[PDB]
*Asks:* 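I'd like to ask you about the structure that follows.
In the text below, chain A, chain B and the rest are named by the order of the sequence lines, each starting its count at 1. Note that these values count all heavy atoms, side chains included, but never hydrogens, waters or copies made by symmetry.
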Amino acid sequence: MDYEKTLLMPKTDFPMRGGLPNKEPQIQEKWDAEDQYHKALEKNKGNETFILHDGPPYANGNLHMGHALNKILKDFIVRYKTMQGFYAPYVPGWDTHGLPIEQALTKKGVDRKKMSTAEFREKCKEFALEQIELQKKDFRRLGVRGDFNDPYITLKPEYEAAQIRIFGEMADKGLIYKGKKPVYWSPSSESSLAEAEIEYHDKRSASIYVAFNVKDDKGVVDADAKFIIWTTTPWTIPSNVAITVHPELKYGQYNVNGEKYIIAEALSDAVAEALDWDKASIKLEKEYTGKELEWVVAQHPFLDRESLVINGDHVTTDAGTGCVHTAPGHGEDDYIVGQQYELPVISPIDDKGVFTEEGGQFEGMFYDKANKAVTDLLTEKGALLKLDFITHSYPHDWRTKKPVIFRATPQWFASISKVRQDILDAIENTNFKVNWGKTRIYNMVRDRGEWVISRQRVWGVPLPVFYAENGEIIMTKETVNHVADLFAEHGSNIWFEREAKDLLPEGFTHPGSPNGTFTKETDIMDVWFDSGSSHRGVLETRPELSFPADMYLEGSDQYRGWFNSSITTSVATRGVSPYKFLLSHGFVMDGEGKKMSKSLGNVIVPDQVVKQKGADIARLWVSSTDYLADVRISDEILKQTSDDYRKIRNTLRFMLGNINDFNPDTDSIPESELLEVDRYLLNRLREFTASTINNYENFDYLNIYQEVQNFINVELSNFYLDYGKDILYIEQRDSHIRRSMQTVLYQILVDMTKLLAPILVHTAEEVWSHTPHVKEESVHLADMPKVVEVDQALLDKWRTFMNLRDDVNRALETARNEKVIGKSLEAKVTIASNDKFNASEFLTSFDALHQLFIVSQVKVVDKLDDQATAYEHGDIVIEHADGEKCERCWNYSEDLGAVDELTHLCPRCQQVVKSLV
RNA sequence: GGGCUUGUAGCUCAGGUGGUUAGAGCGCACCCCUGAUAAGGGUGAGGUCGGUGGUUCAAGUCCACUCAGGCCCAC
Ligand SMILES: C/C(=C\C(=O)OCCCCCCCCC(=O)O)C[C@@H]1OC[C@H](C[C@@H]2O[C@H]2[C@@H](C)[C@H](C)O)[C@H](O)[C@@H]1O
Ligand SMILES: [K+]
Ligand SMILES: [Mg+2]
Ligand SMILES: [Mg+2]
Ligand SMILES: [Mg+2]
Ligand SMILES: [Mg+2]
Ligand SMILES: [Mg+2]
Ligand SMILES: [Mg+2]
Ligand SMILES: [Mg+2]
Ligand SMILES: [Mg+2]
Ligand SMILES: [Mg+2]
Ligand SMILES: [Mg+2]
Ligand SMILES: [Zn+2]
Ligand SMILES: [Zn+2]
């Protein structure tokens, strides 16, 4: 007859293959339907709280692997805290203002000039919300649990109003002020431009050398040797302002003939070389320290009146002559280092290349031809020049293809310098996972210049400022807070819909404008300000949250980004960091650790990992990366992830099928009555559990990925589950020995699925769904197993038994290569003490060595002759087992018997079978 | 160029105060099993630690320089 019918084979419909791309949507569908997000919250209703504040991704485009890495790590954290009983609301957010979106619309074919600000802004909003829906869909497909149905958005009235109140408070503490800054300006478009509207094209520029003297006397500290000058911009000459000097680097030359001017060290060679001067390459003499040449007061001719100073510099040396000269009226950093000191803003020029003030003969022409021929009047006619024509790449208006120039424009600033030390101190009191995180942002805030907070665009939050003709600036608590009031109720659009007096309080009045009339600012705030105020607009505003967030977690680029604008803004108005803990991760690279491009074809997108392999696979990958640095993804990397996932899943499947008939409520064996081998695994489970919780407490998911594998592969699959077959399949269903293993098997099943739940969200649920008798619905609404003390002596004892098992297996291998044995069951193992190990005594405290080694018989003797091979754990002798093969359990027995139609059954199996019938 | 950061076996990772033949899991090779079967067991082969030079009796582990990466600036 057939023996398999009497066997107890595993039973479960839990599939070996995941089918993730088709199973996960259903599971997600159910989680939403049963509003688990809010259920998870009410489950921990009055417990300690954990607030992880989400940084708002930009509402434009497709999520990339970075969004996935970042969101999945966040979910790990909140899920684990939730599973430890913490009330941990996770509310995603979206960054919705900014130039990029205005551009998307324009590129889409919207066209501002043809509808008005109000209609264009609504178009931006409509677009942002559409993008959000798409992104929200993708985020949820990763298995992330969060308030996705009621996320915070920077375009929401309440958020905008909060942002305004932040602007108001900073303005009150005197941290907001109006000034000016140079910006790309297109005389063609009669408007300023951002780098995104700039494209380079070669241009004909007449470069000249205007060597200017060093009169006065304050600068005659070292002779009266003139200071040369070279500008590729003749119109950038009527801007008499300082010169240059890169501290440390010195040299002055002072050479024969001419006037013994000044060049430089690494410059000299490539300086006079083109100066046409080479009257016997005359040698230098009295070089006078560059760096130290500060305040070397020098009158710069051409029709000057003021002498130009010189201060520290940042980047000057190169093919470009050592003589730079400045004029904050038309220069990027030419304005920074050139302003700290009493410096008057130079040059005019209206929205058109035309100027007026200070302009001599050229009082109404342009910045071009009015130079190359006009201003070229004032040149070598006293400053020794060399009018040359050169070609180089130059900034151009991308639509008009015409040249762009720098021009100082009124801008608004946030006074970082006044709150600097305050931010530094808040950082010092901020916790970090790694010390360099603290150092990076520290030096950041330390070397940070003033914050330009204004932009001349329409898609954003308006600076709540009003102007009173007579002078200007109306920015008081009353005015800002009333604007906040309106914004809170109508949103920012109100600003573009109403007149100034409608945006002002109760029939407001001010000394300015005796006629009760007012003007309003038009600039909007920099988007960094928008997100940077998220701690106010969401943490302080929403009921479920609390201002100081337990932590912020984002990419490395946020040290200059959201981490920075958020702390700057929070310290300014609250005096504290908006985050008690700052955790950052790296970027996602390809397999070689190189940037994903597209021209290179090494991208890999989240949407594809999910569709092709599954969200649970994208997640396991995350847990396996050392996120504190850059991480790497590729097809070979993911094939690995797939292979580990299959092993975890398959192992869980086997355990599931073998506890299908186990009812914990009535079949469990007391710990004190478990077979010792079962108590050993129960303790390996406790050890693995303790270790994993610790890892979760430290955000060390990589350690869990590593340990889970070793526990699943080595302890379970390789050993316990294998050895268990001779028990689970053969013993009587309700026998003490079978129920003892099931008792531990069940606990491991349950606990391990719970311990993995934060990571393998879908599979954990699917396994939970196939486990009999689990209390709660959903693993995700259950608590982590409690950490208990392990029996260390039991562990050491079995650790040694395991190392002894390896020697046996080695002995079994040798014998198997010799065809002496096939499966380990056809073997008889004899072992005895060695000089290296007292095997005989040690093996005395173990039961059923034959089952433990998966062999038919084990004989412990005491001593073996010089036939037995020696092992680290004793001498071992392997030979084919005695007796005949029992057709049921496949162990060899010398006492096979028949039970009715079933022959060749060992005594053990005869008993099990007889109890069937 | 500046701040911070990474480089150990095919892959992902371990390797306190420097000290015998650098560890793990997977993968791979070969063998066994065929009662987890688009499964399972076993053995074994692979790194000299990005490079060079030093400190030291002795360095993956300390120093210097260097190569190739990464984020953010300077640009
Ligand atoms: C780890 C990251 C990127 C990455 O790893 O890079 C992924 C690789 C890019 C894909 C290449 C595509 C081809 C393009 C080509 O051709 O070159 C960065 C992270 O992102 C997610 C979050 C985004 C929000 O903005 C952040 C904040 C806090 C603020 C409010 O804005 C997170 O905070 C962080 O910023
Ligand atoms: K088999
Ligand atoms: Mg680790
Ligand atoms: Mg294995
Ligand atoms: Mg390597
Ligand atoms: Mg490697
Ligand atoms: Mg590492
Ligand atoms: Mg191996
Ligand atoms: Mg080498
Ligand atoms: Mg050496
Ligand atoms: Mg020596
Ligand atoms: Mg060491
Ligand atoms: Zn061109
Ligand atoms: Zn039997």
*Asks:* Do the six-membered rings of B/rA45 and B/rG46 pass both checks: centres under 5.5 Å apart and planes under 30 degrees?
*Replies:*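 For these two strand neighbours, the answer is yes: their six-membered rings meet both cut-offs.
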
*Asks:* Within a 6.0 Å radius of atom NZ on A/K594, are there more than 12 heavy atoms belonging to other residues, nucleotides or ligands?
*Replies:*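 At most 12 heavy atoms, drawn from other residues, nucleotides or ligands, come within 6.0 Å of this atom.
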
*Asks:* NA contact type, A/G593, heavy-atom cut-off 4.0 Å: base, sugar-phosphate, or nothing?
*Replies:*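 It contacts sugar-phosphate atoms only.
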
*Asks:* Using the ring of each side chain (for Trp, its six-membered ring), is A/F711 parallel, tilted or perpendicular to A/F688, with breaks at 30° and 60°?
*Replies:*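 Correct class here is parallel.
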
*Asks:* Please work out if A/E826 contacts a base, only the sugar-phosphate, or nothing of the nucleic acid, heavy-atom cut-off 4.0 Å.
*Replies:*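 If one applies the 4.0 Å heavy-atom cut-off, A/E826 turns out to touch nothing in the nucleic acid.
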
*Asks:* Taking pairing as Watson-Crick or G-U wobble with both contacts under 3.5 Å, can you name the mate of B/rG10, or confirm there isn't one?
*Replies:*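 In the structure as shown, B/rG10 has B/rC26 as its Watson-Crick or wobble partner.
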
*Asks:* Name the residue closer to the 5' end of RNA chain B, choosing between A/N718 and A/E4 according to the nucleotide with the nearest heavy atom.
*Replies:*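 The residue whose closest nucleotide sits nearer the 5' end is A/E4.
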
*Asks:* Going only by the six-membered rings, do B/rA22 and B/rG23 fall inside 5.5 Å on centre distance and below 30 degrees on plane angle?
*Replies:*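 For these two strand neighbours, the answer is no: their six-membered rings do not meet both cut-offs.
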
*Asks:* Looking at the angle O4'-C1'-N9-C4 for a purine or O4'-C1'-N1-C2 for a pyrimidine, is B/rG69 syn or anti, with syn meaning within 90° of 0?
*Replies:*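 Anti, since the glycosidic angle lies more than 90° from 0.
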
*Asks:* Considering every strand shown, what is the Watson-Crick or G-U wobble mate of B/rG60 when both distances are under 3.5 Å?
*Replies:*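 Across any shown strand, B/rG60 pairs with none.
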
*Asks:* Would B/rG54 and B/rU55 pass the stacking test, six-membered ring centres less than 5.5 Å apart and planes less than 30 degrees?
*Replies:*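 Base stacking for B/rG54 and B/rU55: confirmed.
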
*Asks:* Can you tell whether B/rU34 is stacked with B/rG35, judging only by whether their six-membered base rings have centres under 5.5 Å apart and planes under 30 degrees?
*Replies:*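 B/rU34/B/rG35: stacking flag false.
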
*Asks:* So does A/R733 pair up with A/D661, basic N to acidic O under 4.0 Å?
*Replies:*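 Judged by the 4.0 Å cut-off on N to carboxylate O distance, A/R733 and A/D661 do form a salt bridge.
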
*Asks:* Using a 4.0 Å heavy-atom cut-off across all strands, classify A/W890 as base, sugar-phosphate, or nothing.
*Replies:*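 The residue A/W890 makes base contact.
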
*Asks:* Which part of the nucleic acid, if any, lies within contact of A/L7, taking any heavy atom under 4.0 Å across all strands shown: a base, the sugar-phosphate backbone alone, or nothing?
*Replies:*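 Contact class for A/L7: base.
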
*Asks:* Taking the same atom, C1', in B/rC11 and in B/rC4, what whole-Å distance lies between them?
*Replies:*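 Result for the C1' pair: 28 Å, nearest Å.
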
*Asks:* Could you give the start and end, 5' to 3', of the contact zone on RNA chain B for chain A, using atoms under 4.0 Å from its heavy atoms?
*Replies:*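 From 5' to 3', the first and last contacting nucleotides are B/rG3 to B/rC75.
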
*Asks:* Please state the P separation for the pair B/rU8 and B/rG50 - nearest whole angstrom.
*Replies:*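 That atom pair is separated by 6 Å.
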
*Asks:* Taking the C1' atom of each, how far is B/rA24 from B/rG1, in whole Å?
*Replies:*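 The answer is 42 Å between these two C1' atoms.
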
*Asks:* Quick one: label A/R888 by what it contacts on the DNA or RNA (base, sugar-phosphate, nothing), any heavy atom closer than 4.0 Å.
*Replies:*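 Counting heavy atoms under 4.0 Å across all strands, the contact made by A/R888 includes a base.
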
*Asks:* I want to check a possible cation-pi pair here: A/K725 against A/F654, using under 6.0 Å from ring centre and within 45° of the ring axis as the test.
*Replies:*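 Yes, A/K725 and A/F654 form such a contact.
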
*Asks:* Between A/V714 and A/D447, which is nearer to the 5' end of RNA chain B once each is assigned its nearest nucleotide?
*Replies:*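 Counting from the 5' end, the first nearest nucleotide belongs to A/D447.
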
*Asks:* Between B/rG10 and B/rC67, how far apart are the P atoms? Round to whole Å, please.
*Replies:*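 Looking at atom P only, B/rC67 and B/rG10 are 25 Å apart.
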
*Asks:* Give one of base, sugar-phosphate or nothing for A/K5, where a contact means two heavy atoms less than 4.0 Å apart.
*Replies:*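 Since no nucleic acid heavy atom lies under 4.0 Å of A/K5, the category is nothing.
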
*Asks:* Select base, sugar-phosphate, or nothing to describe what A/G586 touches, counting heavy atoms under 4.0 Å on all strands.
*Replies:*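 Counting heavy atoms under 4.0 Å across all strands, no contact is made by A/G586.
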
*Asks:* Show, in sequence, the C-alpha distance, side-chain angles and deciding distance for A/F14 and A/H770, and conclude whether the ring pair (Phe, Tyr, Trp, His ring centres under 6.0 Å) test is met.
*Replies:* CA-CA 7 Å; A/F14 180 82; A/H770 291 270; 5.7 Å; yes

*Asks:* Return the pairing partner of B/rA36 with a 3.5 Å limit on both distances, Watson-Crick or G-U wobble; otherwise return none.
*Replies:*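 Pair assignment: B/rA36 / none.
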
*Asks:* Are more than 12 heavy atoms from other residues, nucleotides or ligands located less than 6.0 Å from atom CD of A/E592?
*Replies:*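 No, the 6.0 Å shell around CD holds no more than 12 heavy atoms from other groups.
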
*Asks:* Classify A/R632 by what it touches in the nucleic acid, base, sugar-phosphate, or nothing, heavy-atom distance under 4.0 Å.
*Replies:*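 The residue A/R632 makes sugar-phosphate contact but no base contact.
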
*Asks:* Do the side chains of A/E197 and A/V404 get nearer than 4.5 Å, heavy atoms only?
*Replies:*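 Side-chain contact under 4.5 Å: no.
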
*Asks:* Give one of base, sugar-phosphate or nothing for A/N658, where a contact means two heavy atoms less than 4.0 Å apart.
*Replies:*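 Nothing, no nucleic acid heavy atom in range.
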
*Asks:* Please work out if A/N650 contacts a base, only the sugar-phosphate, or nothing of the nucleic acid, heavy-atom cut-off 4.0 Å.
*Replies:*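 Here A/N650 touches the bases of the nucleic acid.
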
*Asks:* Are A/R908 and A/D726 close enough that some pair of their side-chain heavy atoms sits under 4.5 Å apart?
*Replies:*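 A/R908 reaches A/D726 side chain to side chain.
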
*Asks:* Using atom P of each nucleotide, how far apart are B/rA9 and B/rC13 to the nearest Å?
*Replies:*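 Their P atoms lie roughly 12 Å apart.
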
*Asks:* Identify, with sequence neighbours excluded, every residue that meets ring pair (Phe, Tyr, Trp, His ring centres under 6.0 Å) alongside A/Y552.
*Replies:*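 Checked A/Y552 against ring pair (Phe, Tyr, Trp, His ring centres under 6.0 Å); matches are A/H53, A/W562, A/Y579.
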
*Asks:* Identify whether any heavy atom of A/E636 sits under 4.0 Å from a base atom; if not, whether one sits that close to sugar-phosphate; answer base, sugar-phosphate or nothing.
*Replies:*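 The answer is sugar-phosphate, as A/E636 gets under 4.0 Å only of primed atoms, P, OP1 or OP2.
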
*Asks:* Expressed as a whole number of Å, how far does the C1' atom of B/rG70 sit from that of B/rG18?
*Replies:*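 Straight-line distance between the two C1' atoms is 30 Å.
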
*Asks:* For the nucleotides B/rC57 and B/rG19, establish whether a Watson-Crick or G-U wobble pair is present, both distances being less than 3.5 Å.
*Replies:*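 B/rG19 matches B/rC57 under the WC/wobble rule.
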
*Asks:* Does the side chain of A/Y645 reach to within under 4.5 Å of the side chain of A/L20, using non-hydrogen atoms?
*Replies:*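 When only atoms from C-beta onward are counted, A/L20 and A/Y645 do touch, with a gap below 4.5 Å.
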
*Asks:* Using Watson-Crick or G-U wobble geometry with both distances below 3.5 Å, tell me the partner of B/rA45, or none.
*Replies:*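 Partner of B/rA45: none found under 3.5 Å.
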
*Asks:* With sugar-phosphate meaning primed atoms plus P, OP1 and OP2, does A/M589 contact a base, only sugar-phosphate, or nothing at under 4.0 Å between heavy atoms?
*Replies:*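 It contacts sugar-phosphate atoms only.
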
*Asks:* Mind checking if B/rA14 and B/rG15 stack, meaning centres of the six-membered rings less than 5.5 Å apart and planes less than 30° off?
*Replies:*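 Result for this step: stacked.
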
*Asks:* If the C1' atom of B/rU48 is compared with that of B/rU61, how far apart are they to the nearest Å?
*Replies:*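 About 14 Å, rounded to a whole number of Å.
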
*Asks:* Looking at every strand, decide which applies to A/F654 at a 4.0 Å heavy-atom threshold: base, sugar-phosphate, or nothing.
*Replies:*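 The residue A/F654 makes base contact.
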
*Asks:* With rounding to the closest Å, how many angstrom separate the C1' atoms on B/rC62 and B/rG23?
*Replies:*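 Nearest-Å result for B/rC62 against B/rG23 at atom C1': 23 Å.
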
*Asks:* Could you check which nucleotide pairs with B/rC72 in any of the strands shown, counting Watson-Crick or G-U wobble with both distances under 3.5 Å?
*Replies:*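 Here B/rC72 is engaged in a pair, and the nucleotide opposite it is B/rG2.
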
*Asks:* Contact class for A/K647 (heavy atom, under 4.0 Å): base, sugar-phosphate, or nothing?
*Replies:*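 It contacts sugar-phosphate atoms only.
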
*Asks:* Whether B/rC49 and B/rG18 form a base pair should be assessed as Watson-Crick or G-U wobble, both distances under 3.5 Å. Do they?
*Replies:*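 As far as the geometry goes, B/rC49 and B/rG18 are not base-paired to each other.
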
